[PDB]
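1. The data below comprise the sequence and an experimental structure of the protein.
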Amino acid sequence: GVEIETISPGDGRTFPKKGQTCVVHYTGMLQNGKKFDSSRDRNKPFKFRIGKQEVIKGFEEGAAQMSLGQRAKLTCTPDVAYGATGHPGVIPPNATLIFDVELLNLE
């Protein structure tokens, strides 16, 4: 269950593909909750690649549905990220995740 509420600006033609490494400013938000992660604070905007399932399942399909410069607004279902067990200390079990994701990549 991937839903996109697009903050517009980009080109809508440059899409990330397989065998590529993409760079994302991201910000984590809990539904009716607080900020638990911010790529803006550390200023190292999280270089990662596509297809190796390094990131969670909900975030991976959200990056492919974007283009260069675009700014999405994810809403991942609990069953695709952490809802069974829950991340220790940080994410409660069966929780819905909110993301502010902007794609500023290369390749």
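-> Yes, it's here. Numbers count the residues shown, from 1 in each chain.
2. alpha carbons only for contacts and neighbour counts from here, please
-> Fine.
3. Packing partners of the longest strand out of those in the chain?
-> Using DSSP state E, we find that the single longest strand of the chain is strand 21-30. Judged by 3 or more Cα pairs under 8 Å, 6 or more residues apart in numbering; DSSP states H and E, strand 21-30 is in contact with strand 35-38, helix 39-42, strand 47-49, strand 97-103.
4. Just the buried positions in the shortest one, please.
-> I take that to be strand 47-49. residue 49 (16 or more other Cα atoms under 10 Å).
5. List the neighbouring strands of that strand plus their orientation.
-> strand 21-30 (antiparallel) (DSSP bridges).
6. Could you do the last one as well?
-> Strand partners for strand 97-103, identified by DSSP bridges, are recorded as strand 21-30 (antiparallel), strand 71-76 (antiparallel).
7. List the buried residues of the first one.
-> Right, strand 21-30. 22-30.
8. farthest-separated two in these?
-> 22 and 30 (24.3 Å; Cα to Cα).
9. which stretch among the helices and strands packed on strand 21-30 comes nearest residue 88?
-> strand 35-38 (13.0 Å).
10. which secondary structure elements does the closest one contact?
-> Using 3+ Cα pairs under 8 Å, 6+ apart, strand 35-38 is in contact with strand 21-30.
11. who touches the strand it packs on?
-> 16, 35-40, 45-50, 95-107 (Cα atoms under 8 Å, 6 or more residues apart in numbering).
12. I only care about the residues you listed that end up buried; give me the ChimeraX line for that.
-> Burial among the contacts of strand 21-30 is assessed by 16+ other Cα under 10 Å; the matching ChimeraX selection reads:
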select :16,38,45,49,50,95,96,97,98,99,100,101,102,103,104,105
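13. Residue 27 and residue 55, how far apart?
-> Separation of residue 27 from residue 55 (Cα to Cα, to the nearest Å) stands at 14 Å.
14. Tell me who's in contact with the residue nearest to residue 6 when sequence neighbours are not counted.
-> Distances taken as Cα to Cα, 6 or more residues apart in numbering put residue 72 closest to residue 6, at 4.8 Å, once the chain neighbours are dropped. Applying Cα under 8 Å, 6+ apart to residue 72 gives the contacts 4-7, 66, 100-102.
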